[PDB]
Amino acid sequence: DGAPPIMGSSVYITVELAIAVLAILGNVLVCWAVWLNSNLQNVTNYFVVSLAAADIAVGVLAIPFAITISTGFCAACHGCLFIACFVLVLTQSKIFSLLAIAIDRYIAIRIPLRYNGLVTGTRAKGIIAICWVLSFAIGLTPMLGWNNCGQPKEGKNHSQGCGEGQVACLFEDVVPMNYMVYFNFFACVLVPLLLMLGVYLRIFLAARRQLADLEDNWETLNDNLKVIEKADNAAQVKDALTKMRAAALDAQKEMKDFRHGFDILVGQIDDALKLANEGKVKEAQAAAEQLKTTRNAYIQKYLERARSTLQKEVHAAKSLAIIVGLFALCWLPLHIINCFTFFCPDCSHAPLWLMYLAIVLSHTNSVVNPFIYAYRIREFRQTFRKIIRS
Ligand SMILES: CC(C)CCC[C@@H](C)[C@H]1CC[C@H]2[C@@H]3CC=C4C[C@@H](O)CC[C@]4(C)[C@H]3CC[C@]12C
Ligand SMILES: CC(C)CCC[C@@H](C)[C@H]1CC[C@H]2[C@@H]3CC=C4C[C@@H](O)CC[C@]4(C)[C@H]3CC[C@]12C
Ligand SMILES: CC(C)CCC[C@@H](C)[C@H]1CC[C@H]2[C@@H]3CC=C4C[C@@H](O)CC[C@]4(C)[C@H]3CC[C@]12C
Ligand SMILES: CCCCCCCC/C=C/CCCCCCCC(=O)OC[C@H](O)CO
Ligand SMILES: CCCCCCCC/C=C\CCCCCCCC(=O)O
Ligand SMILES: CCCCCCCC/C=C\CCCCCCCC(=O)O
Ligand SMILES: CCCCCCCC/C=C\CCCCCCCC(=O)O
């Protein structure tokens, strides 16, 4: 007395095909953009490309697999396992790519001087290839023996008339829910997501601390100038100049144009320090006044450029954090439903329509990343226009 299953099946299959088309087109555009623009050919975008390659595979393979397993067709149980678990391989690869992007950005903001020598393209390719191997091993673990193939639903397999060694290919009949909850969700998805949260929190903490240190050195420069102009004793000028020389060397610790600026600044401070040690107070004050011209024509240019670079790193890290957040938004509902199915056997199973709504939502994650790049990364957006208009 239920509606014919092909009616709801047609809606589900049509929606899945719409998602596969959008996932392929958008992520092919991302890969094409990185190929054409050398400004997008950095190590960070090598993981973005691996991220896009997995989403392309979601539309090409994982979504046709999901359509197949929804029919419950008779199949050899290990072949049904591969059909059911291959999306876990792709998803695990994206988790590894997302974690590497956060680590790459944390390295770029914590030690930017050592970044290009530490994070190279060759090492990135090796990391990516290793993570794909681990993704296959993690996602296909049920094929190694952790499955319900040894406990088949004989009622379903007889009613559908499956042959010997065959089962009705249904996800929750062949894939153990304890694998899905403890192994896949808790260990392989939830824990890495929490690690990404901690890395991005450390990224924003590092940026906030460095931006405050730039303003601290800047105000230390201007406040000690007022101390010298209103000083009366020679030691007052000397103590204020010693603290400027520390804040000057600690601020540097066309790139030589900024190095030449601190050379003038420290040189003038040493000039005023020599006069202050001699007892000359008026001549030491006038020498310290020369620091203002160096501050305007040099030191202020470094502050605003160093501040601009840090603000770009904050904005870029926020964009990459949105991608992690949308990943969790798309996949957590399916994981949470499996937790209810596993941990509350007295709860009624989530209805059929909610199951496939959660499945469809997890697939839409393969569509959203190209939109994040187009809206939040100007280099991607301008390359997208160039590809499309020509
Ligand atoms: C390079 C790409 C495009 C190749 C695609 C490979 C896919 C389409 C192939 C490889 C292994 C194949 C599975 C191997 C096991 C059999 C078991 C059988 O009872 C039903 C079909 C099933 C489940 C096959 C489904 C399709 C399958 C998953
Ligand atoms: C992570 C963000 C998007 C929030 C996730 C909300 C979803 C995953 C939660 C909120 C309410 C939850 C439902 C509340 C009612 C129960 C009834 C029980 O018999 C089956 C599970 C079911 C149906 C839960 C399924 C998962 C659920 C729908
Ligand atoms: C990403 C953050 C939010 C952590 C992930 C949320 C998960 C771990 C939490 C949120 C809601 C929790 C569920 C809330 C309802 C209870 C019902 C109980 O009978 C079994 C445990 C169960 C089903 C919990 C299982 C674990 C659970 C699904
Ligand atoms: C089975 C599911 C869980 C398994 C998880 C525990 C496995 C233990 C450690 C494995 C080492 C990593 C193996 C992957 C490396 C593949 C080789 C490769 O390609 O490495 C190229 C590298 O750039 C230069 O060799
Ligand atoms: C670029 C290629 C992308 C994939 C092309 C193939 C498109 C076909 C999509 C899914 C087909 C699913 C077949 C359904 C299996 C039905 C099982 C049964 O007969 O009982
Ligand atoms: C198989 C060996 C794994 C260790 C090498 C891989 C490097 C770390 C990989 C991910 C672990 C989680 C990292 C958590 C934050 C690390 C960033 C940091 O502390 O600087
Ligand atoms: C530049 C780097 C490009 C990386 C391409 C991706 C390579 C992925 C290769 C296939 C790994 C499959 C082998 C895993 C075996 C264990 C899975 C299993 O059979 O259980």
# chains A, B, ... in the order shown; residues from 1 in each chain; ligands from 1

$ closest_atom_pairs --of "chain A" --to "ligand 6" --cutoff "7 Å" --atoms "only C-alpha atoms and all ligand atoms" --output "CSV"
residue,atom,partner,partner_atom_place_in_ligand_line,distance
A:103,CA,ligand 6,17 (C),5.4
A:195,CA,ligand 6,14 (C),5.6
A:199,CA,ligand 6,15 (C),5.9

$ write_last_selection --atoms "N, CA, C and O atoms" --output "CSV table (one decimal), in the first residue's frame"
chain,number,residue,atom,x,y,z
A,103,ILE,N,47.7,22.9,7.4
A,103,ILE,CA,49.1,22.8,7.9
A,103,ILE,C,50.0,23.7,7.0
A,103,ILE,O,50.9,24.4,7.5
A,195,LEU,N,41.2,18.6,14.4
A,195,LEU,CA,42.6,19.0,14.2
A,195,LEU,C,42.7,20.2,13.3
A,195,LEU,O,43.4,21.2,13.5
A,199,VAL,N,44.3,23.9,14.0
A,199,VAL,CA,45.3,24.5,13.2
A,199,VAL,C,44.9,25.9,12.8
A,199,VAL,O,45.6,26.9,12.9

$ residues_around --residues "residue A:168" --least-positions-apart "4" --cutoff "12 Å" --atoms "only C-alpha atoms" --output "MDAnalysis selection string"
chainID A and resid 68:81 148:149 152:164 172:174

$ select_by_dssp --residues "stretch 105-276 of chain A" --states "helix (DSSP H, G or I)" --output "PyMOL selection string"
chain A and resi 105-110+112-118+121-139+141-144+154-159+171-174+177-229+234-252+255-276

$ residues_around --residues "residue A:178" --least-positions-apart "5" --cutoff "12 Å" --atoms "only C-alpha atoms" --output "number ranges by chain"
A: 142, 146-148, 172, 183-187, 335, 338-343

$ write_last_selection --atoms "N, CA and C atoms" --output "short mmCIF file (atom, residue, chain, number, x, y, z; two decimals), in the first residue's frame"
data_model
loop_
_atom_site.label_atom_id
_atom_site.label_comp_id
_atom_site.auth_asym_id
_atom_site.auth_seq_id
_atom_site.Cartn_x
_atom_site.Cartn_y
_atom_site.Cartn_z
N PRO A 142 36.38 -2.37 4.90
CA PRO A 142 35.40 -3.46 4.91
C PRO A 142 35.72 -4.59 3.94
N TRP A 146 36.11 -6.69 7.42
CA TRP A 146 35.20 -6.02 8.36
C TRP A 146 33.90 -5.66 7.63
N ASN A 147 33.10 -6.70 7.39
CA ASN A 147 31.84 -6.53 6.67
C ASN A 147 30.82 -7.52 7.20
N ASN A 148 29.58 -7.36 6.74
CA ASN A 148 28.49 -8.27 7.08
C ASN A 148 28.22 -9.29 5.98
N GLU A 172 23.46 -0.58 4.37
CA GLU A 172 23.45 -0.97 5.77
C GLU A 172 23.38 -2.48 5.98
N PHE A 183 35.11 3.80 13.32
CA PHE A 183 36.30 3.88 12.48
C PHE A 183 36.22 5.05 11.51
N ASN A 184 35.18 5.10 10.69
CA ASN A 184 35.13 6.12 9.64
C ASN A 184 34.81 7.49 10.21
N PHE A 185 33.73 7.60 10.98
CA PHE A 185 33.32 8.89 11.51
C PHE A 185 34.26 9.39 12.60
N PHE A 186 34.29 8.69 13.74
CA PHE A 186 35.06 9.17 14.90
C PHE A 186 36.53 9.33 14.56
N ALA A 187 37.17 8.26 14.08
CA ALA A 187 38.62 8.27 13.92
C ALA A 187 39.05 8.97 12.64
N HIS A 335 26.60 11.31 9.06
CA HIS A 335 27.30 10.68 10.17
C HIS A 335 26.44 10.63 11.42
N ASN A 338 23.81 7.88 11.25
CA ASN A 338 24.41 6.58 11.52
C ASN A 338 24.64 6.38 13.01
N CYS A 339 24.97 7.45 13.73
CA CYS A 339 25.13 7.35 15.18
C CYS A 339 23.82 6.99 15.86
N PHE A 340 22.71 7.60 15.43
CA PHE A 340 21.41 7.23 15.97
C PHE A 340 21.07 5.78 15.64
N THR A 341 21.32 5.37 14.40
CA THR A 341 21.03 4.00 14.00
C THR A 341 21.83 3.00 14.83
N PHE A 342 23.07 3.35 15.17
CA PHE A 342 23.97 2.46 15.88
C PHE A 342 23.80 2.52 17.39
N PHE A 343 23.77 3.73 17.95
CA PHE A 343 23.77 3.90 19.40
C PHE A 343 22.38 3.83 20.03
#

$ residues_near_ligand --ligand "ligand 3" --cutoff "12 Å" --atoms "only C-alpha atoms and all ligand atoms" --output "ChimeraX atom specification"
/A:181-182,185-187,189-195,197,324-325,327-350

$ closest_residue --among "A:63, A:10, A:53, A:318" --to "residue A:362" --atoms "only C-alpha atoms"
A:63

$ closest_residue --among "A:96, A:46, A:298, A:356" --to "residue A:67" --atoms "only C-alpha atoms"
A:356

$ residues_around --residues "residue A:289" --least-positions-apart "3" --cutoff "9 Å" --atoms "only C-alpha atoms" --output "VMD selection string"
chain A and resid 225 228 to 229 284 to 286 292 to 293

$ write_last_selection --atoms "C-alpha atoms" --output "PDB file, in the first residue's frame"
ATOM      1  CA  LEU A 225      60.693  59.948  20.516  1.00  0.00           C
ATOM      2  CA  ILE A 228      63.753  62.289  24.103  1.00  0.00           C
ATOM      3  CA  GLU A 229      62.172  65.607  23.095  1.00  0.00           C
ATOM      4  CA  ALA A 284      71.422  64.361  21.075  1.00  0.00           C
ATOM      5  CA  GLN A 285      67.827  65.623  20.923  1.00  0.00           C
ATOM      6  CA  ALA A 286      68.301  67.226  17.501  1.00  0.00           C
ATOM      7  CA  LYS A 292      61.182  61.246  11.929  1.00  0.00           C
ATOM      8  CA  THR A 293      62.097  61.662   8.254  1.00  0.00           C
TER       9      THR A 293
END

$ residues_near_ligand --ligand "ligand 4" --cutoff "8 Å" --atoms "only C-alpha atoms and all ligand atoms" --output "list in words"
residues 123, 125, 126, 127, 129, 130, 131, 133, 134, 135, 136, 137, 138, 139, 140 and 141 of chain A

$ residues_around --residues "residue A:206" --least-positions-apart "6" --cutoff "9 Å" --atoms "only C-alpha atoms" --output "PyMOL selection string"
chain A and resi 106+109-110

$ closest_residue --among "A:27, A:222, A:39, A:44" --to "residue A:317" --atoms "only C-alpha atoms"
A:44

$ closest_residue --among "A:91, A:311, A:319, A:242" --to "residue A:373" --atoms "only C-alpha atoms"
A:319
